[PDB]
Amino acid sequence: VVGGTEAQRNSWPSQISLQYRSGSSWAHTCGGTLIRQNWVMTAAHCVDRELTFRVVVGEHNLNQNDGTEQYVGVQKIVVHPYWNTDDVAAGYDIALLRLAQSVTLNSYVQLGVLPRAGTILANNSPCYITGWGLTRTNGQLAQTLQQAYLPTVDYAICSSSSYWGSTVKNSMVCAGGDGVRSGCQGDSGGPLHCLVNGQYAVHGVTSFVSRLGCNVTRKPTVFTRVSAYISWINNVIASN
Ligand SMILES: O=[Se](=O)([O-])[O-]
Ligand SMILES: [Ca+2]
């Protein structure tokens, strides 16, 4: 995330790091949200490649031992049936990862709370994006988990000509756009946490930013709207 600040140690316990094997090492590629002890919600584009993936929960610093990490393999990947890698603007950028083993919940590993189906945030709702993604457009991943305050931009405004126009759909949530702060590559698949009735809930799965760059004025970060997918999520967990 660009223009963020380091998150307090595990203040976002449902945030996970999705990593793939590179030779004999592991590289972080995307974020995700732990939604069941053995299920992770991420972006479908994060798993377009047929790589070996692992999920790390309780993570904070990617390249240093935090003493709280749990590592687990991904046993099954269920991508939304309508996802089309050639058309991220069509939406459906969401996938569920069934973990090889259930992780242990504790102070650093907790389930993310999802909104009620159909919920839409009022314009300018307070939200935070979190992740280890690039700290600058075409930059490098962050070592420690970052967070940025990104107020929502409602559909009417977000789909206007000066913003994203027709590229954005109602199945998405836009947030930020101030030209300073934003999600970026590597935050993809991670959460957009927003305060709802005293509870932070994960309303978005990071999907895309402008081809011109991450922090671009009037090009808010775009997320898959989690509340449009509650039934699908429940159905996947129920049939696996
Ligand atoms: O009402 Se909704 O979340 O677009 O199905
Ligand atoms: Ca670590």
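Just the heavy atoms: all of them, side chains too, but no hydrogens, waters or symmetry mates, feed the values below. All residue numbers refer to positions in the sequence shown, counting from 1. Just so you know, ligand 1 is whichever comes first in the structure, and atom 1 is the first atom listed for that ligand.
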- Query: Aromatic rings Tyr92 and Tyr82: how do their planes relate, parallel, tilted or perpendicular, breaks at 30° and 60°?
  - Reply: perpendicular
- Item | ligand 1 atoms in contact with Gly118 (distance to a heavy atom under 4.0 Å) | 1 (O), 3 (O)
- Query: Which of the N/O/S atoms in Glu69 sits closest to the Ca ion (ligand 2)?
  - Reply: OE2
- Query: Which residue holds the protein heavy atom closest to atom 4 (O) of ligand 1, what is that atom called, and what is the gap in Å?
  - Reply: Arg225 NH2, 2.8 Å
- Mutual orientation of the aromatic rings belonging to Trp232 and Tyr229 [parallel < 30°, tilted 30-60°, perpendicular > 60°]: perpendicular
- Task: Angle at the Ca ion (ligand 2): provide the value between O of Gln64 and O of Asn61, rounding to 10 degrees.
- Result: 80°
- Are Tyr71 and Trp26 an aromatic pair by the rule of ring centers under 6.0 Å? no
- Is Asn170 in polar range of ligand 1, meaning some N or O pair under 3.5 Å apart? no
- Message: If you consider just the N/O/S atoms, which atom of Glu59 is the closest one to the Ca ion (ligand 2)?
- Response: OE1
- Proximal atoms of ligand 1 relative to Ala228 (non-hydrogen, under 4.0 Å): 3 (O)
- State the atom name: nearest N, O or S atom of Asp66 to the Ca ion (ligand 2). OD2
- Checking side-chain contact (heavy atoms from CB on, under 4.5 Å) against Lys219, which of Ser210, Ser182, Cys158 comes through? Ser210
- Message: As a test of understanding, state which of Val56, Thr52, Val74 forms a side-chain contact (heavy atoms from CB on, under 4.5 Å) with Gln19.
- Response: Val56
- Look at ligand 1 and say whether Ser227 reaches it with a heavy atom at a distance under 4.0 Å. yes
- Query: What about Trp164 and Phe208, are their ring centers closer than 6.0 Å?
  - Reply: yes
- Taking the six-membered ring of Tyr149, is the NZ or CZ of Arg181 close enough (under 6.0 Å from the centre) and on axis enough (within 45°)? no
